[PDB]
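*Asks:* My complex, part one, positions kept as in the full thing:
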Amino acid sequence: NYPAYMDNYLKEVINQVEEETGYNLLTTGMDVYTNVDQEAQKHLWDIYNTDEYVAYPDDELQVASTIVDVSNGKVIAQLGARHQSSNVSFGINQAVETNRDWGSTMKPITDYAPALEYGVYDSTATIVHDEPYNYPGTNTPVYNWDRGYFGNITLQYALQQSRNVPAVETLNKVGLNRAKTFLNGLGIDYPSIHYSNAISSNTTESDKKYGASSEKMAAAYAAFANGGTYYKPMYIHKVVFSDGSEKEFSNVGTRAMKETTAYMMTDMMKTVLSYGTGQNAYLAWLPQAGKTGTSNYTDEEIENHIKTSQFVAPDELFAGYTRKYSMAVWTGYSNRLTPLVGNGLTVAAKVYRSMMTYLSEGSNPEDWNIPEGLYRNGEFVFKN
């Protein structure tokens, strides 16, 4: 027996124990010590399943999210579903599932960070281009959400307004192979990468590690938070075996980007919340950064299954981090063909706001310190 709110977390623990030990804890007696902050995890459950924190449009709208400790990659909370009146033990955990499109949340990690890392751009003020534009080697246009084009704009403003053209063009300038390598360093892979991946986590396999889940995004963004080191999501701290043996898991990280890249990304993503698309997550007292995401339906889907001229989306996504924690939030419906509408598109950011409030309140929320190699200027940050 075990509490219901822990069902998702335990399922990953079970999977992670046998990955490292080769032993399934359900068939072998062992005491397993985990990274789950029980109080935080309960609060996540409170947010999903009550009225106290978030105004949901209906009871079938789904939320999946993972919260990570930015210093070690310990997953401290995870809930893959809300309102589940079907108690089969250790079911599909949507929080580690990579089969929903993470849309614009791919931009910082696939496009803009690599461009800064490999020195394609030199500052957050670099004039980038929002003009009519085709996917390289194709006649298909990269449309913006409004079908409009802003023209000559700063990098910062591009990311902040979440424009598509500058993102895709940036992926072309970094190069597909170079970008794939960058994503790998952040725990994300594709079997094959394509230019549509500048604005989509859409993939062919997703049998295993391919694409993006709240789990992988939490881990990926955590790198921005800590000056650019990636940690593997860890659910288990220590196992003690029936025969008295004990195995402790130390969490070691890998340099995923230069500290200047991290800082510059953070500095731009601060504005997403203040001046941009992320304004439902804004908190005056909390130094935090983040990126929003709204995936879209296909050509086949708009024609045949989706009937409306209202703004709709199968998936709404937020990915934010403070100095201490990283959180990726996915929202949507089980059936992708049930579209998010009006207030439903604000859930993802409001779930983030509520959880982050809880976790950061009471500490001294530290801001980020401008590192050696960068200097301030007006609204923007420049290299040396």
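*Replies:* Structure received. Numbers count the residues shown, from 1 in each chain, chains lettered A, B, ... in the order given.
*Asks:* Break down the stretch 251-384 of chain A into its helices, ranges please.
*Replies:* Listed in chain order, the helices of the stretch 251-384 of chain A (DSSP state H, counting those that start in this stretch) span residues A:259-274, A:299-304, A:347-360.
*Asks:* Using CSV, lay out the ones you listed together with mean neighbour count.
*Replies:* Where you see a C-beta, it was placed from the backbone N, CA and C, and this is true even at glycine. Below are the helices of the stretch 251-384 of chain A laid out as CSV (neighbours: other CB atoms under 10 Å):
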stretch, mean neighbour count
helix A:259-274, 22
helix A:299-304, 11
helix A:347-360, 22
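*Asks:* Wait, a helix at residue A:6?
*Replies:* Yes: membership of residue A:6 in a helix is supported by DSSP: H, G, I helix; E, B strand; the rest coil.
*Asks:* ok, it to residue A:216 distance?
*Replies:* Separation of residue A:6 from residue A:216 (CB to CB, to the nearest Å): 21 Å.
*Asks:* out of the two, which sits in the more crowded spot?
*Replies:* With neighbours defined as other CB atoms under 10 Å, residue A:6 and residue A:216 compare such that residue A:216 has more, 25 against 18.
*Asks:* Now for the more buried one: which residues touch it?
*Replies:* A:98, A:187-188, A:209, A:233, A:328 (CB atoms under 8 Å, 6 or more residues apart in numbering).
*Asks:* all strands for the stretch 51-200 of chain A, in order.
*Replies:* A:62-69, A:74-79, A:127-130, A:151-154 (DSSP state E, counting those that start in this stretch).
*Asks:* Distance to residue A:268 and mean neighbour count added to those strands, as CSV?
*Replies:* Putting the strands of the stretch 51-200 of chain A into CSV (distance: least, CB to CB, whole Å; neighbours: other CB atoms under 10 Å) gives the following:
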stretch, distance to residue A:268, mean neighbour count
strand A:62-69, 21, 26
strand A:74-79, 26, 26
strand A:127-130, 12, 19
strand A:151-154, 9, 14
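*Asks:* one more, chain B:
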Amino acid sequence: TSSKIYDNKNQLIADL
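*Replies:* Below is chain B, added to the chains above:
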């Protein structure tokens, strides 16, 4: 057969 699971504060949370 008998596996115990503890949170980050070492207090039992599941017995499987």
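*Asks:* Surely residue A:165 and residue A:142 touch.
*Replies:* Yes: using CB atoms under 8 Å, residue A:165 is in contact with residue A:142, at 5.2 Å.
*Asks:* Show me whatever sits in contact with both of these two.
*Replies:* By CB atoms under 8 Å, 6 or more residues apart in numbering or on different chains, residue A:165 and residue A:142 have these common neighbours: residue A:133.
*Asks:* how close does residue A:258 sit to chain B?
*Replies:* The gap separating residue A:258 from chain B is 32 Å, by CB to the nearest CB, to the nearest Å.
*Asks:* nope, residue A:375 is what I was after
*Replies:* For residue A:375 relative to chain B (CB to the nearest CB), the value is 40 Å.
*Asks:* That residue: neighbour count?
*Replies:* Residue A:375 has 11 neighbouring residues, counting by other CB atoms under 10 Å in any protein chain shown.
*Asks:* If it is in a bridge, with which residues?
*Replies:* residue A:382 (DSSP bridges).
*Asks:* Let me see the contact set for it.
*Replies:* Residue A:375 neighbours (CB under 8 Å, 6+ apart): A:381-382, A:384.
*Asks:* can you tell me the helix or strand for the spatially closest residue to residue A:237 that is not a sequence neighbour?
*Replies:* Residue nearest to residue A:237 in three dimensions, not counting chain neighbours: residue A:33, with 4.8 Å by CB to CB, 6 or more residues apart in numbering or on different chains. If you go by DSSP states H and E, residue A:33 is part of strand A:30-34.
*Asks:* Closest one to chain B out of the contacts of residue A:375, please.
*Replies:* Checking the contacts of residue A:375 against chain B by CB to the nearest CB gives residue A:381 as the nearest, at 36.0 Å.
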